[PDB]
Structure formats: structure tokens, C-alpha cells
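Visitor: A structural model of the following input is requested.
(7 chains)
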Amino acid sequence: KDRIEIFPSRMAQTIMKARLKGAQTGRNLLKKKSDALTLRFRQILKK
Amino acid sequence: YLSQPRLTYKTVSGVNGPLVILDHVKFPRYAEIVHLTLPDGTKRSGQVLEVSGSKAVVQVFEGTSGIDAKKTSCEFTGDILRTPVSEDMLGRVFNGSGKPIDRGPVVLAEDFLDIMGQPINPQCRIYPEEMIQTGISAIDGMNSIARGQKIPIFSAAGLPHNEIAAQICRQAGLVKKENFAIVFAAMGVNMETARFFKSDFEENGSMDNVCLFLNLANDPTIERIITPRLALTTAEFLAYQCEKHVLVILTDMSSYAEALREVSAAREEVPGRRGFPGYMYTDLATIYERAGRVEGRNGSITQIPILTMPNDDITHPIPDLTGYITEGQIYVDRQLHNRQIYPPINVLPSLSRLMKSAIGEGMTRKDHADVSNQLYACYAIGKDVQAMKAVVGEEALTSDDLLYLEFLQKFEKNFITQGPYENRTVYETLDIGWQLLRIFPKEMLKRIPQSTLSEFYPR
Amino acid sequence: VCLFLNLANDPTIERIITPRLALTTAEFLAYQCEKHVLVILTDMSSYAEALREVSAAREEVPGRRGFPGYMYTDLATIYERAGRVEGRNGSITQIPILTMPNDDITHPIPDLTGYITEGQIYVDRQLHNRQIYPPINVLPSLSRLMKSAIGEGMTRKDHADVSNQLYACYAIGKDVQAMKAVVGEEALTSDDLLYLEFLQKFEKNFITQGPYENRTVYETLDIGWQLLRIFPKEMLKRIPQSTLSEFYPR
Amino acid sequence: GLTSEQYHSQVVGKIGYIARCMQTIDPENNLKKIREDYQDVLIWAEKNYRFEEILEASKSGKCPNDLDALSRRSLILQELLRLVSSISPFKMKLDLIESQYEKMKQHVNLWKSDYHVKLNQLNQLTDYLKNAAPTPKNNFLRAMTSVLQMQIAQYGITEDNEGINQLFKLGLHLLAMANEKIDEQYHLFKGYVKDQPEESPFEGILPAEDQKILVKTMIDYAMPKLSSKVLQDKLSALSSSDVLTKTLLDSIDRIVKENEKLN
Amino acid sequence: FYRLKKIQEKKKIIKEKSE
Amino acid sequence: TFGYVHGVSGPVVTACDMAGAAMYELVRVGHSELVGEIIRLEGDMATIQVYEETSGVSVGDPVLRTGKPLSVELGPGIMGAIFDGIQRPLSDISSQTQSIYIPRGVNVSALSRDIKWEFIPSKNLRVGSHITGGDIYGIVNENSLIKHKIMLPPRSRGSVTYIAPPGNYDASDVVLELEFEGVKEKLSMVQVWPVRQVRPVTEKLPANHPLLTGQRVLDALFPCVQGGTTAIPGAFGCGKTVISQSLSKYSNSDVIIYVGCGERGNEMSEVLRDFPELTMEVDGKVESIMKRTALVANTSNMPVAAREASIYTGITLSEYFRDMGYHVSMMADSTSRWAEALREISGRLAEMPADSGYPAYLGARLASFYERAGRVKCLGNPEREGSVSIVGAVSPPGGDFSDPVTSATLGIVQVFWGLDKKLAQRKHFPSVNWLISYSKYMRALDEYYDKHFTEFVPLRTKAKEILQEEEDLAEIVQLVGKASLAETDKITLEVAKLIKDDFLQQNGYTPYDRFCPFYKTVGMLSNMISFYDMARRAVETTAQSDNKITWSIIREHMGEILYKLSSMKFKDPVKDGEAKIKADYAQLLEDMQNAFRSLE
Amino acid sequence: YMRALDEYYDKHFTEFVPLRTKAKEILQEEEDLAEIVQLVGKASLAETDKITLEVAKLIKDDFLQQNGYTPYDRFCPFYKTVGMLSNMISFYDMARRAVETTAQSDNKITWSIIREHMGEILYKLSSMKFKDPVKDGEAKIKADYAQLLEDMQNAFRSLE
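Guide: Residues are numbered from 1 along each chain as shown, chains lettered A, B, ... in the order given. Now the structure:
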């Protein structure tokens, strides 16, 4: 479903903005993890 | 000049909040100044907030408590608020309304100036050019300030933005490769911080250049309103008439905005975005834009507004309109503050739009722009690598990543971290920047031309 | 053809009466001259904004996002001037055109127009960017009077079944597209691949159309069947067997 | 588009403007064909009506009042008047005036027409020369533009005439050419004279004193580059010529190249 | 905002009625 | 004649004895004559929004009732002048007052009455000749670059009774007199026009002609048309200066009107410092563009009414110059800041806040503003065509195109050039992103290209396709690397690299290609797309053979041709003639043909 | 008020200012690390990161936690506070010294060896809170904390 179902408020806005930044941070961390794993995987393919 | 006797009225017709409504007034002026004597002999100042027919809505500076009809007298001074200005008020302390609080005498005016001032003519405003060194490396070497720039510090509540401001006020000056001045204006500053400013400047001897306005948190909010305008009227006098480069440091424009909200609501105006008046953009611009170099006058005015962003929301009207009106931003960072790095100036989101004019040959030094860009790039890569380090672990990093992490550590420890009383000329900040960039070999300094590397990299 | 023009530079408050002039003329033609009239009202958004300006000047109670509280009633006064009448051979077919602001169907203008009108033909940026014409998004499109405009007699008797099954297959194709972005192609089952193929060929053949091409309802339904034949009978769960066994094999 | 009163005021004004264009292009009533074509609009000015009378006529429809048709007719006459004026001294033949009027009237959309483009280019040249003071560039441009005006008066703009096209191209190129490029200005003008079919292109087109100044302009450029007093005296002797000729330019070339070969 | 605008309108009306 | 101040609160003033006052009429309140605008009426009262600071205004002060709404004063003297958003001449104020501030309530005439202008009447006009609105009754030799055509005001007409002989006059001199229905009107060289009233035209023609800029990315892939409506993201390092300077210096526009509309102080000072020093080549001589440019420049502390009226004053000056048959490029630097001034005025009036705080009429105002652009058959007798091309820049917060000003701007404009700081950092100058950018005038320009540059349209389509194909292949190359691509995709990648590096990218600071004539642009793209076609043919026709050709073989064999294509930039129209450039590009085509033919 | 109280601390509790600084540093480091520990996993952490996490948990559980209803912790004198934090921070310093000394060396020390070698030290550090000023004298509590410091130094020196 489209929305998180938290009720609008300035506190809700702060919470959701923090959660968005957290999700983006996790996305970047996991993406760098994926890049590292893929680099090692390609190296092992060559070897 | 006014050779005309003043009129004193007892015709108080109402008292509603901070407003004394008088009636039967002879030709009231809007924004006239008024001295009202309470029944007991106390005297309070005030300003004609509104006018209609013979009525006069005198907003009293102090509270209206103790005012009554039928006995309060109210002398209409016959003129708008004009501040006396001289060079002698360089090296003084004044409360928000211009009355000295340094146990010195009242200002013997070289001139009387209307605090509202007039907008600087765009065709006469000149591009700012040269640098004003602040002594703080995190801005002198990465976000330097041009003479005429308005570049606010954005900080949250509880970060050491007041301490940074006091340091800038103590240290700032021309790059010196006696016509400099600072007008400090604290709005809504609590007693402890006001006493801190007053004692700090006096002690560390910058006072001969500092004109200090303090509007304590318990001083009238209307006085808070007129504090930055006194500060900037004095700045205009010293810069565009006495021809000296003035740095205006307006502390807590968030507090100024709260005072503006109070006065707006007193006028009974319906709130705007997030409760602030709709015209806050124009008001903040009337304050900020009293800056910049002008045609044919050696003097200039540089501004460093300081903002307490509520809730740390950069979209909040105060910081948002300040970002629209000013020409950069210097972020103060909670993470650095907790890590105990001082000054906690996060250089990544901070930006100085006219740094390219502030720096360069004949202004700071030939290598300033390249060192700045390289330090920023290496810092960004260092943060990226520090994020990757927890994913892959130190033993899996390449040697370049280790060099970037060493640079990050030494950058936050030697370049950013300064200590409140360590004054660094821009040359010394650049030498530290080069000591940091010598962590890497030349080949990874990809944003510094070889022309500069060959000249500055060695040693 | 009769044209009423109120350009962007023309008065704002006059856009309130322009629809009413046009619909008064349409009603004269349809309910007194017995013409079959097609009424088009361009930028009901630029009408609703004129209505908002007038209501704000009057300081009337606002609805959502500033629009007046009676915008439903006013847009009803406009739209409801359509349809046939007893004993009079004329009709009035309206096709209002309104620009969803920020492409948001929940915005008061499109929302109230959806409540008032008997449908909405949805034009999709996500199709216009791919350069499909007409970029109609059938999935949020609707037509309340289809349920009797189609059937045996008028048009063909597979019309309703084909329409319903095309809707269902298109929705499942969108679901498959959504999930493949997460799991990737390597994790899709052959049924999901059938749905993706249906979606592709459906936007290519059924939706996509020449701006001067007039497909009869029979051609359109034959295309619908040519697309539904991508699936085995058992996955066309909407269509009854009495229709599948008659139209599917061909 | 226009309001009603302003529309009919425009009708009145454009009828007056067509009358003025006719009376300026043909102040002698020579163009019988064109005046017959424009008689329904010319009549309201041939008679001395007032502005209000013609406005009432336009409201009544008695006079021509279709503003688009009036715009087409007025544009035709305006382009013809520009063509007649931009050649100023060179009076154009009545037959050519009528033939080119017919062609312009025939053109689908004048504002996109090559006739209009050529007129704009001619006006560029004429406008620059109306102001700028004598120089090498200005003398060359005035000369070439005078020859171009004579060719326009002789042939008309409505044909792919190679001479007129070459003059347009080279004159506009010289106009666009930077003012400090003395050598390139001289090269362009010399190349024009060389490639021109005639041997004395400017005879009878420019006044004699201007021809003398032109040959003097050539002499002053040729002289400083020499290396022999005998050849300098020969250049002075050539300077006696009152007319510029392709063979004279050949002679100056011979002088300068013989100086070179002496070097 | 609309509530406060209505309230200010009504205060103005009351002030007028006071005369 | 005079009203009297009856009350004051902030900018709002209430004046009594204003029975005859007209709505939105301007007044000069106070003894200092602060300009104000009548926003409401009641009985004999008039409520005035005073633009300037009201401190010191007192009850009983005169309120002089100026008989006009906010109107621009049009006539000789505009060219080269710097105006505030309320038409105040900032340069004349500074010169006359010798003060670095705008005096409060200054009242300097917008067009100087002191300076004499050379005026030459329309030779045909006579006493009694019938004349109408928009007719040119004389020409003023304002500048070497601009002749200023003195026109009758629209809504004026009649029979001429006095037209002055050629000579020197001034804005206060009655130069013409006409008579209509016995009423006699005496006209000087200046006409005053309400800024918010669209100046009439006989017909607003379609915009079927390019608005050249000399920047290849702008002219070829995203063309604008004389009379167009365009948007530009405004950001720090994006480089809107490239577009503004190119339009000012090289565009085929006859006139330029630049509107700051609420800039930062030093950001406006930069424009005022640069524009006077810009120069252009006209008739082989270097002339300052201030002979053909007019600046409505004002900063953020200037009156809010000035910032909101800045766009209208600019567009009204542009319309005035359009009426003379000129093409006028009007560049509004921040329609976002104009919209913020509009929101501020709405909030001060206490109007209901619409979407995201902006007023109820932001969209309607933007529409009625951008609508004033367009190529027009001008009013009046001399058949003329003019145009106003609005290039209004907009500032989305952090690239967020969703805020009302940007959304309406991108729904109302017909071109979007989409500068990009990321490209600026990558050194891709101009910073046009060539993916988010677009131009809806491509269809309107088929009529023009098919006549003058017949081969350009398919060329442009293929170039856009190539760029989109590389945009697609960039994702694949991440997953599986470059070598995985087919030879066709390698051709796509490498030709797209060639185009981006040596066609779209452009070193504007250098003489050879600061201005790129469209014949040069079309020749460049023709050669590059011919290379694309030939490489595609060579690979496609030999993928089935034993001697299969590959991009590697193509690169090794035709390195010379690739270098020449990349160097095609260096042809200089000022040192190489148009014919020479065309011949050289044809030669490159022939040599490419020979090399491909010898390989195939 | 920390800037103003530094002069008081410099005279009465000299050592407290660096201990405060390092406690704040440690807590911020744990905050930064926990996001990766939860978003990704604990596998990649270094030994100094393990020390930071574990000593920061020690500070959070056994220093910044104070059940005010207990006989011993309804009020915590500042000598008790500064002694507790001094011991915990000295433990952090010596653990970091061990791992830094044995990095790039054969006998690489880790938190996994420190915890096992001196789990008694960790337990006593956790139990420092329980010392009761009311019945344990100021001198007795100071002696206990000095004894923990001595035991910590001995344990680290024996591990080293």
C-alpha cells in the first residue's frame, strides 16, 4: 500500500524524514556491500 | 531640526496587551517615539504602532503593567526613532535600544540616522572581491568570506554557535599580506551568553574594534526588533561614511524572528507559514541586504547571520528565507559537537558562493582555491571510505583507502579542530591544508594542477 | 461547430460563465432543436481556479487545498447538463478536459469531477514519455455507462468479458512489472512471463493507435482476443466457458 | 482579436496608409494598372472625407473592411514602395514596376518571400551607408551598393540574376567584415571588380569625384608597399585616371608585383 | 488561518456595532 | 486632487477625501511622496498599499492621486537604461543624488526630459492625414544599433493636425497633434502604458522561426523560436550566465530586456557589472550590448511591489519594442523570486493561501504572463512583424520540480533547457543535461528546416536516439561490463562519446566556436551521423562474414577520420568562410566514405 | 555550563574533564557503529570497534543507569561518579592500547581475548555502582576504585 499510515503532524514529519534518511543510508551501505561482493565474485571468476 | 514644543497627553483611552491607545492626538506620526510617565513617576518609551484619525496605538517597550487611564502622561516626541552614531561607539556596549550598558556616557552623536535606513542602490553596489579572514580554518580555508558577502551560520539549539561567533569577533580581520571594525548584535541572548560576550571581548582586547549590542532574552521584543537595525545603521555609518570594512555578526535571527512574530501578532495579523508573518522575507532582506561594497567608497559591510534552526529543519521558514536572501551557509554539526571537535563546522554541506572572489592571487595566495577543492574532495572520499570500512572491514581495504582514512582523521584533528583561542591566518590554514594533502602522493591530488603541485607540494 | 474562447489573457471571472454559455447553447440545440451535441469544456482546472479566486474574494468556507466548499455543487451544475431526455431525440455528450495538477488524481478538481461525472479517461505521463499515443491508462480509466452500452445487440456479446479480462490481465502485468524490479527476471515464473508479454503486446497493439486511425469496436475486440489468446483458457478466469469455447479458439 | 472600434480604426488607418503609399510611389499617377487594382481603397482618400466619415463607412461595410485582405494588399504595395525607394536615384521603368507588382501580388506569403529578403539586405546596405563616413570599407560598400541599386533598377528583384546575387553576397560579406581588416576589405573589392563581367563597372553610376576618391583609395594602399621610385612615379601616373577599370587594377597589380620581383 | 480570519472579521463587525 | 492620510499601519494607509479615486490607481502618499497603490475603496475612503517605508507618515499628510495605474513610461531613452521594477531609473537616481541609497520616495522621471533626441517624421504624413494606433509617425536616432520608432499609442487615432519637422526634440515636446470627433490630442515622444494590460496586436502569429543562440546543444537538439516560452533551472554552478550572455551577444534578437525580479544583492551586482561590458559585432564593429539591452534590476530589499511588478514592467517594455517590429528576448532571472514576491503581497493582503502557500492565482498569473510572448503582426499602418521571446528562469528547491512555481512554469512553457551542476562539474559546457531538456517547438520548425536546412530533422532525430541508446547502455555496462556489448552497441557508445565531447560540449570562451552558425552545426551533425550510418552498415553487413568488421578495426583504420571529426570544432567562421567550412566538412565526409569503402 | 565549570573541575576533580570528553566520544562512536551493526551485521567490525561497542555498553548500562529507588544509588556523590567513569575510561584506554600494540604482530590481541582474560575486571567495573556512600566511606569507595585500577593495570600487563 502507498502510505505508512502514520497520522500527519510535525512530529510525524520528523519521524518519517529520519526513517527516509535511515532507509537511504541502509541502501547505500548494502549497495557498497553488493559492489564489494561483486568485485570479489568477478575476481574469483577470472581466477 | 525640530524647534517645536512637544505635546504631552493624558488622554489614554485604552490599554490592551502592550498597546496604549491614546485619543485626541494632534496629527500623529506612524512610528513616532513616545515617552510615557506612569502614575508613580516611572518612565517608559514606546513607538506608535498604528494611527487612525486622532487615535494613536503606542506600543510600550516595557510592559503596560502599571499604566492606567486618567493619570498616565504620554509625551509624543514628534520624530521617528533616530539613533546617534559616531566612531566612539566603536568599542562600547549598548542595549538593544542604544542606551549604553558599559557604564560609559551616552553616545555623543556625530550624526543622527534613521534606523530603518534606505536600500543600497543596485547600480551602486559593487561585487565583493577580497577576503575577510575569520581565523577559523574550517571557513577561511574552505568557506572563506568575501568583503560584502552575507553568509549565515546555521546551527541547532545547544551547539556552540555563540562561541564560534565570539571567536570570529575576536579574531577576524583583513588578510594583512586599522580600517577594520566589527558590529556584534546579539538578539534574544540569555544573560549568561550576553555576559560571556561582554567579558570575552573586553578581556581578549578586541574591544577597540567591536561595537556590541545585547538584547537580553528578557529585554523587550520590540527592542529586539530594533537591535539589528541599530547594528546595521552603525555599520553603514562606519563603512560607507568612515570608510572601514565592517563585519556585522547578528546572533540568533531565530530569536529575531520570534520577536517579529510577537509584534506582528500584536498588530493582529493572521499568521503565515509555520506561524511567522508573511512579510518575513522582506524583513529579513531589509536586514541582510544592508551589506556589500558600494561605488567609490572604500568601506564595506560583511554579514554573518547566525540561525538556530528549530528542530534542525532546514526547510523551516527562518533558515529557508535566509538561504534565499544570503549567499552561502556555514553548518554547525551535532555529530562533530558530540565527538568534541571544535569548531564543529561540517564542511560538506557548508558553502560560500563568493569564495572564488574572496580567494586567489593577490588576495590570499595562489594555491588557495586548489587546496580548498582538494581538501573537500579528499574529505568526501574519506567519509565514503569510512562508511565502506564498516561493511568490508579494515583488513579488506586498499592502501588508498587507508590513506584516505588517515587524511580524514588528521583533517578533523588538525584542520577543523582549532580551539577557541587559536587564531590562524589564512596562510597558516593553507600550510596546514598542505601538510594534510602531503599525506597523499601527487598523483592522487587530481584536483590540483601540476602548476601548483610542483610549486607548493614539496617540503 | 460552435466555439467559446476564453484565452489565458482573457478575464478570469468570465471563465465561470463560459461553460454555462456553452451548455446553454448545447441545451438549446439538443432539447429544442434535437441535435446530437458533443460538448467539450477545456481546462476545467482553469475553471476551478477562477471559482477559487471568486470564493477567496468572498471569503467563503474552503474545501481541500483552498477550493470553495461548494465546488462539488458548482461542478455538478456544469457537468449534469448532459444526457438524453424523454420524448426529445437530442442528447448532450460532455467530454470535459482537466489538467490534474502535479499529476495527482486526488487533487480536488479531478476528485470532484470523478465523483460528479460518469467516468474519466486517464492520460498517463508514464505512457507519453514512452511515446505511446493515445497514452490512455485504462487501469484508472472508467466508464460507468459501459455496463449497458455494451452487450448482445449493440456491439458484440464478448465485449464485457473481453474488457474485464483485459483489465485483469493488465493489472496483473503491472504487478509482475513491479515485482521483477525487486526480484529480477531470473526469479519469475512462466505465468508471470505470460503476463509481461501480454502487457507489452497490449500497450503496443491495443492502446497504441494512429492519431487518424478509426478502429471499429469489432476490430478493437478482435485485438483484445488476439491478446487474451496469449493465455491458456484456465488463466482467463473472468470469461465464462460459454464465451471462451466460442471466441477463444478462432 | 482586436476590439470592434479599434478594428474599424485600423481599417481607416490602413486605407489612409495605402493612399499614402500610392501617392509616394507614384506621385504622377503613372501606374494605371496598380491604381485600378487599388481604386476601391484609393477612392476614400481621393475624396476628402474625414476620419469619422471613413470610420462610419468601414462600420457600414461600404469601404473595404476585411483587415486581413487589406493587410495583404497594403503589404504588396509597401514592398513595391520599398523596392522603388531603396534604389532612390535609379528610376525604375514603369513596365518593370508593373511586372514586379504582379509577381509580388502573385506570391503566396510575402513576409517569407525571397523578394522581401533581398529588399531587407538592400536596406541593410543602404542604412549602413546612410550614416558611416568614408573609409576603404565605406567607399567599397557605397560603390558596390550603387552598382547593385543600378542592377536592381535594371532587372528587378524577382529573378535569379547572377549579378545581383553576387553583389548581394559580396556586399553583405563586406558589411559584416571587421572594420580593421584593411587587407581583406581590399581583397574582397578587388575580387569583385575582377570577377565582374564589365571592364569599367562603375562608369556612369558613381559621380566623378567619388570615382576619383575610389582610385585614390586604391593608390594609397598600393603605394606604401613599393620598393622603387620609378614604380612609385608610375603609380602616381596611374593615379591620374578618373575612372576605375579592371585593366587599371591589373596595372596596379603589375606595379606591386614588379616591385616584389625587384626585391 | 480561515478560523482566525473569520474571528478578525467578527471582531471588526463588533467594533463597528459598538458605535 | 489631493486626498489626506487618515490612518497608517505598516504599509497599509487609509486616505480620506479620495472620492474620485480609481481602483489600483497609484498615489504619492506623504510629504516625501511614497508611492502607493489603491487596493480597496469605501465611501470616500481609499486604502493604499504603500510600496515604500511608511515610518514618518502622519495623519493629514497629502496623498497626491496620480491619474494612472502602475504604468511603464515608454519612449526614447530606454536602451541602455537600468530600471527598478517600478521603472525608477537607478543609474539616474544615483547620478543625480550622489548617494549610494535610493532616496525614500524618490520621484525621478523614468525617461530623461533633459536629453535631446534626433527625430525624423514619417515623410508621407501630412496635415489632415488619417492616422491610427500603432502607426509610426517618426524615427528617433537613439543609437547606432537601434532606431526607435515613435508610434501612436494604441487606443489613439484621428486626423493629424500638427506633425513636427525633422530636428532635435525631447520627451516633453509635443511632436504630433491629431484630431478625432473634434477632440484634439497632443502627443509627445513618450507613451504611458499600464504594465498589466496586454499591448494590442493585429494578430498573434505562430512562432515558426528559430531563436538562434550559437550554442549547438540549444540550437540543434532543443531549439527555441522567436516568440517562444522557455525555462531554465537557476542554481549556483549550473551556469545560467552561458545562456544569458549568448542570448545578449549572439542571438538574432534585435532587443534584449533582462529582468532581475528580486535577486540577491551581489548576484544582481554581478549582472550590472557584466552586462555593460558585454559586446557584439554589428556591421564589422564591436558595440556594447547596452545599446540594445534594457535592465529591470532590483534586489531583495527593494519594495515587494517592485519585485512583483518587475516581470510586468519587463514584458511591457518588451511588448513596446515588439510593436516596432523588433524581436525582443525577455529573460526573467528568477520567476521563483517573482512568485515569492507575489506570495508576500498575497499574505500582506491576507488572502486565502492556495497550494503550498502560494496565492489562489499563481497559475493564472503565470499563464497570463507567458501568454504575452509570441510573434505578432504588429499594430498600426506600416506592416511589421515583431516578437517577444520569454526565457523565464525558475529555481526548484534542490531540483524539486514539484513546487507550484516550477510546476506551472513547466506546464506553461514550451522549452526547458535544464542546466545541470553535475555536468558543470564534469566540465560539460554548456551544462544542458540533454535528457531532462526538451523543446515542443520541433514540429513548428519543420516548415523552416525543410526549406533552409532540409537534412537537419532526421539528423536531429538520430542524434537524440543515439544519446538515448547510450543512456540505456550505461546500465548494462554496470552489470556486465563494456566488452559484453554487441558491435552495434559499441558503435553507439563511441559515436555518442564523440558527439558529447565534440558536438554538445562547446568551449564558449574561445574564438573559434563561441558562436556556432547553424550551417556549421548541421554540417557537424551531418558528418557525425554519416559516420554512425557508415559504421553501422559496415558492422551489420559483415557480422555474417568471415571478415567480420568490429569497432576496434574501425577505430584502428579510421583514427585519422575520428580525429578530424573531433577537430571539426576548430573551424572558425571569422577566419574560415562559410563556403570554406562547408567544403571542409564535405571533404571530411568524402574521406570518411573512402576509408569505409576501402575497409568494406 | 561546561565552559564555566571547567575552572571548578580543574581545582577539585582535575581528572574529570578528559573523562567526560572521552565518554561523550565513546557514546557517539557507539551510535555511529550501531547503525551498521543493525543495517549490515557485526561480522566486519574491527577490534577497536568491538572495544568501543562493549565499553560503551558498559558506560550505558553501569554508569548512565541509576535506579534512584535503591539504597545505594538514590544519590551518587561526585567523587563516586568521577571514580566510576575514571575506571571505565582507563579500561577503554588500556584495551585500545593492547589492540594497537598487537596490531600487525603475531600475537594479535582482540576483544575476544580481553573479555575472557579479565572477565572479573569487567564484572567489578559493572559492580562499581553498588558501592554505597552512606555505609561505605568516601575513603573506602575510593580505595575500592583504586583497587579496580590496580587490578586492571595488572591484568593488562599480564595479558601484554
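Visitor: look up how far residue A:41 lies from the residue of chain A positioned farthest from its centre.
Guide: Distance from the C-alpha centroid of chain A peaks at residue A:47, with 31.7 Å (C-alpha atoms, centre = their mean). Per C-beta to C-beta, to the nearest Å, residue A:47 is found 11 Å from residue A:41. Any C-beta I mention is one placed from the backbone N, CA and C, and that applies to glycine too.
Visitor: so which bits of the stretch 351-500 of chain F are right by chain B?
Guide: F:353, F:357 (C-beta under 8 Å from any C-beta of the partner chain).
Visitor: run a quick neighbour tally on the residue of the stretch 351-500 of chain F found nearest chain A.
Guide: Minimum separation of the stretch 351-500 of chain F from chain A (C-beta to the nearest C-beta) falls at residue F:481, amounting to 8.6 Å. Neighbour count for residue F:481, taken as other C-beta atoms under 10 Å in any protein chain shown: 10.
Visitor: what does the one 3 residues further on give?
Guide: The number of residues packed around residue F:484, counting by other C-beta under 10 Å, is 10.
Visitor: strands of the stretch 101-250 of chain F, start to end?
Guide: F:117-121, F:130-132, F:136-140, F:148-151, F:157-163, F:167-169, F:176-180, F:183-187, F:191-194, F:230-231 (DSSP state E, counting those that start in this stretch).
Visitor: looking at these, which is nearest to chain G?
Guide: Closest of the strands of the stretch 101-250 of chain F to chain G is strand F:230-231, at 39.8 Å (criterion: C-beta to the nearest C-beta).
Visitor: contacts made by the closest one with the rest, please.
Guide: Strand F:230-231 has contacts (C-beta atoms under 8 Å, 6 or more residues apart in numbering or on different chains) with F:224, F:389-394, F:409-410, F:413-417.
Visitor: sheet partners, orientation included, of it?
Guide: Taking DSSP bridges as the criterion, strand F:230-231 forms sheet pairs with strand F:415-416 (parallel).
Visitor: what's the burial count for residue F:144?
Guide: Residues near residue F:144, counting by other C-beta under 10 Å: 14.
Visitor: hang on, I meant residue F:5
Guide: Residues lying near residue F:5 (other C-beta under 10 Å) number 25.
Visitor: near chain B at all, the helix or strand hosting it?
Guide: Assessed by DSSP states H and E, residue F:5 sits inside strand F:2-9. Yes. On the criterion C-beta under 8 Å from any C-beta, strand F:2-9 is in touch with chain B at F:6, F:7, F:8, F:9.
Visitor: so which of the residues you listed wins on neighbours?
Guide: Neighbour counts for the residues of strand F:2-9 next to chain B (other C-beta under 10 Å) peak at residue F:8, which has 29 neighbours.
Visitor: contacting residues for residue 4?
Guide: All of this is about chain A. Going by C-beta under 8 Å, 6+ apart, residue A:4 touches residue A:16.
Visitor: look at chain E instead
Guide: B:270, B:271.
Visitor: same check on the one 4 residues further on?
Guide: Taking C-beta under 8 Å, 6+ apart as the contact definition, residue E:8 lies against B:268, B:270.
Visitor: can I take it that it is in a helix?
Guide: Yes. Assessed with DSSP: H, G, I helix; E, B strand; the rest coil, residue E:8 lies in a helix.
Visitor: element containing residue B:383?
Guide: Following DSSP H and E, one finds residue B:383 within helix B:368-392.
Visitor: isn't residue B:260 right next to residue B:280, touching?
Guide: Yes. Judged on C-beta atoms under 8 Å, residue B:260 makes contact with residue B:280 at a distance of 6.4 Å.
Visitor: ok, these two, which is more surrounded?
Guide: Taking neighbours as other C-beta under 10 Å, residue B:260 and residue B:280 compare with residue B:280 leading, 24 against 21.
Visitor: that one and chain E, how far apart?
Guide: Residue B:280 sits at a distance of 16 Å from chain E (criterion: C-beta to the nearest C-beta, to the nearest Å).
Visitor: hang on, that residue packs against residue B:257?
Guide: Yes. The pair residue B:280 / residue B:257 is scored as a contact, 6.5 Å apart, by C-beta under 8 Å.
Visitor: what sits in contact with each of those two?
Guide: Common contacts of residue B:280 and residue B:257 (C-beta under 8 Å, 6+ apart): B:317, B:318.
Visitor: did I read that right, residue D:58 in a helix?
Guide: Yes. Judged by three-state DSSP, residue D:58 forms part of a helix.
Visitor: quick check: the residue of the stretch 101-250 of chain D nearest chain C.
Guide: residue D:111 (24.1 Å).
Visitor: state the distance from the nearest residue to that residue once chain neighbours are set aside to residue D:68.
Guide: Spatial nearest neighbour of residue D:111, excluding adjacent residues (C-beta to C-beta, 6 or more residues apart in numbering or on different chains): residue F:385 at 6.3 Å. Distance, residue F:385 to residue D:68, by C-beta to C-beta: 14 Å.
Visitor: over to residue B:313?
Guide: Applying C-beta to C-beta to residue B:313 and residue D:68 gives a distance of 60 Å.
Visitor: these two: which is more packed in?
Guide: residue B:313 (17 against 10).
Visitor: how close does that one sit to residue F:399?
Guide: 19 Å.
Visitor: next: residue F:59.
Guide: 51 Å.
Visitor: the more surrounded of those two?
Guide: Under the criterion of other C-beta under 10 Å, the comparison of residue F:59 against residue F:399 puts residue F:59 first, with 24 against 11.
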